[PDB]
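All remarks here apply to the structure that follows.
Read-outs throughout are calculated quantities, based only on the coordinates presented, and are distinct from any laboratory measurement. Here Cβ is always computed from backbone atoms with ideal geometry, including for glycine, and neighbour counts include all displayed protein chains.
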Ligand SMILES: *[C@@H]1O[C@H](CO)[C@@H](O[C@@H]2O[C@H](CO)[C@@H](O[C@@H]3O[C@H](CO[C@H]4O[C@H](CO)[C@@H](O)[C@H](O)[C@@H]4O)[C@@H](O)[C@H](O[C@H]4O[C@H](CO)[C@@H](O)[C@H](O)[C@@H]4O)[C@@H]3O)[C@H](O)[C@H]2NC(C)=O)[C@H](O)[C@H]1NC(C)=O
Ligand SMILES: *[C]1O[C]([C][O])[C](O[C]2O[C]([C][O])[C](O3[C]4O[C]([C][O])[C]([O])[C]([O])[C@]43[O])[C]([O])[C]2[N]C([C])=O)[C]([O])[C]1[N]C([C])=O
């Protein structure tokens with residue numbers, strides 16, 4: 001993602017393979033969804049990280065210039081982790097600060 | 001048609017707990033609470049921006065109002081969404097309050113697109129479990145059978161006997177005033193009233209509107225403020241108040257619940 | 001008014017202007033930055049019943 | 001059901017307030033020192049060591065329970081009414097008594 005055929009840094013378009021040519025397509029039609037419509041958070045290079053609710057599957061679908069919605073799915077037993085001692089699902093607006101491990105957006 | 005009741009009302013920006021992930025920006029998508037004291041299953045959600053009224057106080061159907069950078073802007077309703085775990089349809093949009101019916105889950109959220117073409121969302125923890133009526137465990141209204149008494153909300157968009165209070169914004173802090181010289185500061189660019197204050201003690205605070213110079217100190221001494229009001233706001237518990245602690249304005253709570261089947 | 005049992009709020013009629021409550025309400029200091037009102041409370045007893 | 005009405009948290013920078021009470025259900029006052037409120041406009045005030053924050057809240061009867069509520073009663077002796085049919089060939093009446 002991010003790289004048109006001529007070297008540039010586009011924040012919207014994505015390069016893919018069809019007919020072993022180098023075709024462009026923008027991010028304004030890329031969705032990820034496993035059990036709900038997932039929500040992406042950071043998009044770089046040849047990897048994609050995102051938070052989204054647990055389930056059993058995972059999906060990537062973006063649309064090409066011929067306007068089809070090519071996608072592929074795979075099985076993955078993702079489930080909600082348990083930090084601390086109270087199994088929540090949504091960050092509340094006051095509590096206790098704890099050691100966890102997250103990713104950096106650089 | 002007239003229903004006016006709103007002529008001095010302005011949205012706000014408050015703090016939230018999630019903005020997509022992690023970083024909790026002070027966002028224009030506050031959710032005060034979610035009242036679920038009906039019986040059918042619907043939710044009466046009250047959130048930050050208000051919908052139905054254009055910029056200068058006229059009834060609209062499809063345009064919405066919101067705030068950004070303490071100035072007023074607009075957007076559309078047909079590009080708003082509400083969901084919990086699956087996308088659930090809105091059933092009523094009026095004034096300041098969202099009204100919907102929605103499947104179970106453990107989160108509620110509202111979103112809409114910005115006039116800068118963005119996707120601002122907001123999520124908040126809340127438990128909504130399917131509350132049941134009668135001695136069955138259904139999920140969809142069938143076609144054959146019997147009926148039972150139950151309470152629900154009515155779409156009458158002008159009705160009395162419930163209210164919240166209204167106040168005025170206290171003062172709005174900023175450091176981003178056009179105040180810069182080599183050893184001096186230049187003391188306005190604005191279109192509204194301003195109160196300035198500092199601690200380089202030669203002149204007290206005042207209520208100037210034209211430019212000045214304070215000739216003395218580096219910029220990390222003075223902080224500026226927007227000052228006395230044009231409209232009213234809601235006494236949300238996330239923004240402080242000024243020393244005018246009153247109950248100046250008050251506003252309908254629409255959709256009074258009534259007996260039905 | 002045992003907080004969290006039946007009827008931790010009580011009213012002597014539908015529309016008396018005085019009431020009684022033992023909700024078990026306390027307050028805590030905020031965090032760095034966020035302006036809000038951290039309030040600790042026993043949840044409802046009536047909604048529990 | 002009840003409700004927790006929370007008015008706005010009046011913050012005073014480099015000063016202190018004094019909360020006069022109110023004849024109200026569980027009117028609770030709390031005064032805190034050492035705060036640094038950090039809103040959208042940088043900081044709210046400009047001071048560093050004398051800042052105070054005022055938070056007040058009370059508990060009140062919710063607005064919808066004018067239509068749903070539980071009511072406890074004391075229960076005392078009762079009465080008895082009956083309805084009989086009095087057929088004896090000659091015209092049969094019904095009676096409550
Ligand atoms: C779903 O439907 C139910 C019906 O079961 C509705 O309940 C009714 O709501 C109304 C609105 O408040 C109630 O009316 C009021 O009732 C109070 C209680 O009634 C007492 O007094 C009456 C005298 O008529 C007796 O018959 C009864 O046994 C009670 O002892 C009254 O105190 C109110 O009135 C006072 O002022 C008026 C004048 O303004 C006088 O006429 C009264 O006599 C009294 O002095 C008022 O009448 C009604 O009682 C409720 N029903 C029942 C069975 O109690 C629900 O409200 C509805 N759901 C929703 C959401 O609205
Ligand atoms: C009088 O007497 C008589 C004797 O005979 C009696 O009776 C009888 O009864 C019965 C019960 O009710 C009757 O039945 C009726 O009808 C009705 C209508 O609807 C029906 O439903 C029912 O089931 C029944 O069938 C009969 O009819 C009779 N018989 C004769 C009359 O003959 C009576 O009751 C008495 N009282 C009077 C008032 O009559």
Under the definition of Cα pairs under 8 Å and six or more residues apart, what whole-number percent is the relative contact order of chain B? 18 percent
At what distance in angstrom do the alpha carbon centres of the range B:57-80 and the range B:157-205 lie from each other? 24 Å
Based on a Kirkwood Rh over C-alpha pairs, give the Stokes-Einstein translational diffusion coefficient of the range D:45-97 at 20 °C and viscosity 1.002 mPa s in µm²/s. 109 µm²/s
Going by how many other beta carbons lie within 10 Å of each one, how would you line up D:32, B:97, A:88, fewest first? A:88, D:32, B:97
Simple spin-label estimate for residue C:49/residue B:203, 7 Å along Cα→Cβ, in nm, reads 6.6 nm
Computed FRET efficiency, Cβ-Cβ of residue D:70 and residue D:13, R0 60 Å: what is it to the nearest 0.05? 0.80
Which of these, B:196, B:15, B:66, has the largest mean-square fluctuation under a Gaussian network model of chain B (Cα springs below 10 Å)? B:196
Give me the Å³ per residue figure for the convex hull around the C-alpha atoms of chain C. 107 Å³
Taking 45 Å as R0, compute the FRET efficiency from the Cβ-Cβ separation of residue B:54 and residue B:141 and round it to 0.05. 0.80
Over the Cα atoms of the protein assembly as shown, what radius of gyration and what Dmax do you get, in Å? 28.8, 119
From fewest to most C-beta neighbours within 10 Å, the residues B:200, A:72 line up as A:72, B:200
Mind checking the full-extension length gain between residue A:24 and residue A:77? Use 0.36 nm per residue of separation minus the Cα-Cα distance, one decimal, nm. 15.8 nm
Label-zone membership for the range B:245-259, site residue B:151, 7 angstrom Cα→C-beta point, backbone N under 11 Å: B:257-259
Rg/Rh for chain B: what does it come to with C-alpha atoms and Rh from Kirkwood? 1.07
Förster radius 35 Å - calculated FRET efficiency between residue B:231 and residue C:11, Cβ distance, rounded to 0.05: 0.40
Averaged over the residues of A:82-91, the number of partner chain Cβ atoms within 10 Å of each residue's own Cβ comes to 3
Chain C: relative contact order from alpha carbon pairs under 8 Å, six or more residues apart, as a whole percent, is 41 percent
